[PDB]
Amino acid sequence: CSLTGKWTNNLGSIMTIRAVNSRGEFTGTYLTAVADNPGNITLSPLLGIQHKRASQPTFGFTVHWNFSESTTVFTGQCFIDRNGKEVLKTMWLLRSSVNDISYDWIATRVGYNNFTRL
């Protein structure tokens, strides 16, 4: 349950995460399989923090989409089953860019993602 490594989710997206430092911080790269405009998809950086001591840590990360003005955050927990298989159970918020504060109500989508190791 070090987030380091390569993962895929139920939508077919993949992400790679680099070494987790002593503070639990990590960087990585996210390839979404889906977007509002999938023709525009490019690789997008992520940055987050996990807990370090827990065997099944909670964590969060931000994805700065490099092809959109939007941002997504993911949070979840890494679980290990009887056979040692890891799953990241996550929920996310996807924030759209709107023109002014009077449109704020329409700007936040929610969903889930389950990730397993590639």
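Numbering starts at 1 and follows the sequence shown.
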Higher-B stretch (mean Cα B-factor, as the entry records it), 103-111 or 10-18: 10-18
Selected stretch [higher average CA B-factor]: 44-52 or 84-92: 84-92
Residue with maximal Cα B-factor (values as given in the PDB entry) among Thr32, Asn37, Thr75, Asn66: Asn37
Position of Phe59 among the chain's modelled residues by C-alpha B-factor, lowest, middle or highest third: lowest
